[PDB]
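For this chain, numbers begin at 1 and follow the sequence in order. Numbering of ligands and ligand atoms starts at 1, following listing order. Only this structure's heavy atoms are used, side chains among them; waters, hydrogens and symmetry mates stay out.
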Amino acid sequence: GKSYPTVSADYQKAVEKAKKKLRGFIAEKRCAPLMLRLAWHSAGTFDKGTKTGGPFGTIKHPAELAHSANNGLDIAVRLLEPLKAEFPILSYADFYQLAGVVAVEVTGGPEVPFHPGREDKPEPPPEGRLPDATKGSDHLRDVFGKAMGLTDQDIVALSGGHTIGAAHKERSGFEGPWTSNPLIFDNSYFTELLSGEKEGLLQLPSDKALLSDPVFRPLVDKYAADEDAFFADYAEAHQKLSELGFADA
Ligand code: HEM
Ligand SMILES: [K+]
């Protein structure tokens with residue numbers, strides 16, 4: 001149910017230019033996982049019943065960066081500020097979601113469709129909407145389903161974002177990468193989840209919840225067996241995530 005707004009030709013030119021500069025910047029800085037996290041924490045605050053939160057640029061506000069869920073994302077915001085300044089016509093809202101799309105692309109992931117037009121809104125949402133890594137399936141459905149409005153399939157596929165990156169004990173308190181190749185976007189997150197705990201690799205309680213839930217586990221199995229299937233479902237889910245509350249909800 002998306003009706004994307006019209007933007008000027010100059011806006012579209014800046015999107016295309018920004019997309020290329022973001023590739024080079026994110027690849028050079030090796031910061032794709034952090035940028036994916038920044039885009040996801042931007043979007044993941046959307047509450048469908050109130051139409052508040054969502055990918056509308058508020059994460060750059062000190063009040064939202066201060067949310068404990070967002071520990072470390074001020075680094076992300078700061079890294080992007082010089083490049084953002086080369087594209088004054090773009091909203092921050094669009095710029096951060098574009099960075100998330102590019103982060104997935106430059107690590108070898110699917111090409112997530114991107115539509116411009118998000119406005120930068122004045123009020124950040126209240127703290128507390130992002131998921132708690134220590135809880136399980138009911139909690140994930142509360143947050144992704146009841147608040148954001150995403151499907152069970154979306155929850156499993158988007159969990160596969162942890163195929164890149166790592167936790168840091170000084171940010172969340174968890175520590176280490178989920179995969180042996182944490183700058184490579186692939187289905188390894190699910191293959192590690194199936195195989196048991198391997199030394200040095202991370203599994204959060206929220207990751208493990210996917211293995212015991214009757215709806216989530218067949219999705220984990222599909223994705224571990226079929227990377228192409230993972231990529232298709234991932235791209236659908238990331239696009240939906242990046243567009244919550246935008247161009248209709
Ligand atoms: C399903 C529920 C989720 C929970 C409970 C969760 C929890 C976390 C936690 C605790 C960390 C480590 C933060 C740190 O110490 O640096 C993390 C990082 C990460 N998350 Fe998630 N996450 C979830 C879903 C998502 C989604 C939906 C995506 C993108 C699709 C995502 C992408 C990432 C990435 C890329 C990292 C690594 C960041 C880095 O390397 O700096 N997460 N997440
Ligand atoms: K990987």
Side-chain angles (χ1 to χ4, degrees), residues 26 29-46 55 67-76 79 96-97 99-104 106-110 112 128-145 147-148 150-193 198 201-210 213 216 219-220 223-224 227 230-231 233-242 244:
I26 294 176
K29 273 291 146 35
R30 310 179 74 54
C31 62
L34 187 64
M35 299 299 164
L36 175 53
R37 182 139 229 265
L38 174 70
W40 140 236
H41 278 206
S42 290
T45 56
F46 182 71
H67 295 183
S68 59
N70 288 337
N71 281 356
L73 288 183
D74 62 328
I75 297 168
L79 278 174
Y96 292 160
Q97 291 307 309
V101 161
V102 168
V104 174
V106 299
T107 51
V112 186
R129 296 185 178 179
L130 293 178
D132 181 336
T134 64
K135 301 184 175 275
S137 288
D138 293 340
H139 179 244
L140 299 174
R141 288 192 172 93
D142 282 350
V143 165
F144 285 89
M148 291 173 241
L150 299 175
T151 66
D152 285 2
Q153 168 185 296
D154 293 334
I155 296 167
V156 186
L158 290 171
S159 291
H162 287 163
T163 203
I164 57 171
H168 305 78
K169 65 195 193 290
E170 72 275 9
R171 299 183 192 166
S172 67
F174 297 92
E175 172 69 42
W178 290 260
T179 64
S180 295
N181 50 348
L183 279 178
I184 301 299
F185 202 96
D186 70 352
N187 67 347
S188 279
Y189 167 81
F190 302 103
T191 63
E192 296 302 343
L193 200 53
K198 170 181 173 328
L201 299 188
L202 180 60
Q203 298 180 16
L204 301 172
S206 56
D207 303 306
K208 295 161 169 211
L210 309 176
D213 182 86
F216 298 156
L219 286 158
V220 168
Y223 298 154
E227 181 162 285
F230 169 49
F231 275 24
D233 289 3
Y234 180 86
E236 184 178 326
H238 188 323
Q239 185 182 356
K240 290 163 77 181
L241 175 67
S242 77
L244 292 173

Using a strict 4.0 Å cut-off to heavy atoms of [X], name the atoms of ligand 1 that fall inside it.
X      : result
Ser206 : 5 (C)
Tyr234 : 30 (C)
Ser172 : 10 (C), 12 (C), 13 (C), 14 (C), 15 (O)

Minimum-distance pair of heavy atoms, taken over all atoms of [X] and [Y]:
X      : Y      : answer
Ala209 : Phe216 : O-CD1, 4.4 Å
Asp132 : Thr134 : OD1-OG1, 2.7 Å
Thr163 : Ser188 : OG1-N, 3.8 Å
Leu244 : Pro55  : O-CD, 3.1 Å
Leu158 : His238 : CD2-N, 3.7 Å
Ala167 : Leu202 : CB-CD2, 3.5 Å

Name the residue from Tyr234, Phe231, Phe230 that meets the ring-ring contact (aromatic ring centres under 6.0 Å, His included) definition with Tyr223.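 Filter result, single survivor: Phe230.
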Ring pair (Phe, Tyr, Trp, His ring centres under 6.0 Å) against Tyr96, all qualifying residues, sequence neighbours excluded: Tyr92
Taking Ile26 as the fixed residue, which of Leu36, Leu79, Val102, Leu34 is the one that meets the side chain to side chain contact (heavy atoms under 4.5 Å, CB included) rule?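 With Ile26 as partner, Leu36, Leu79, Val102, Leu34 yield a single side chain to side chain contact (heavy atoms under 4.5 Å, CB included), made by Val102.
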Shortest protein contact, atom 16 (O) of ligand 1 (heavy atom only): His168 ND1, 2.7 Å
Atom 30 (C) of ligand 1: nearest protein contact (heavy atom, Å): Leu158 O, 3.3 Å
What distance separates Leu183 CG from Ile164 CD1, expressed to the nearest 0.5 Å? 7.5 Å
Approximate separation, where rounding is to 0.5 Å, of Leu193 CG and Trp178 CH2: 12.0 Å
Number of protein N/O/S atoms that sit closer than 2.8 Å to atom 21 (Fe) of ligand 1: 1
Show your reasoning for whether side-chain contact (heavy atoms from CB on, under 4.5 Å) applies to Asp207 and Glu192. CA-CA 11 Å; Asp207 303 306; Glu192 296 302 343; over 6 Å; no
Give the contacting part of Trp178 toward ligand 1: side chain, backbone, both or neither, where contact means a heavy-atom distance below 4.0 Å. side chain
Metal environment of the K ion (ligand 2), protein N/O/S under 3.4 Å: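 As for protein N, O or S atoms lying under 3.4 Å from the K ion (ligand 2), they are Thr163 O, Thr163 OG1, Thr179 OG1, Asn181 O, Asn181 OD1, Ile184 O, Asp186 OD1.
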Should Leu36 be counted as touching ligand 1, given the test is an N or O pair under 3.5 Å? no
Taking side-chain hydrogen bond (donor to acceptor under 3.5 Å, both in side chains) as the test, write out the residues that go with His41, two or more places apart. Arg37, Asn70
Could a heavy atom of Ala166 be found less than 4.0 Å from some atom of ligand 1? yes
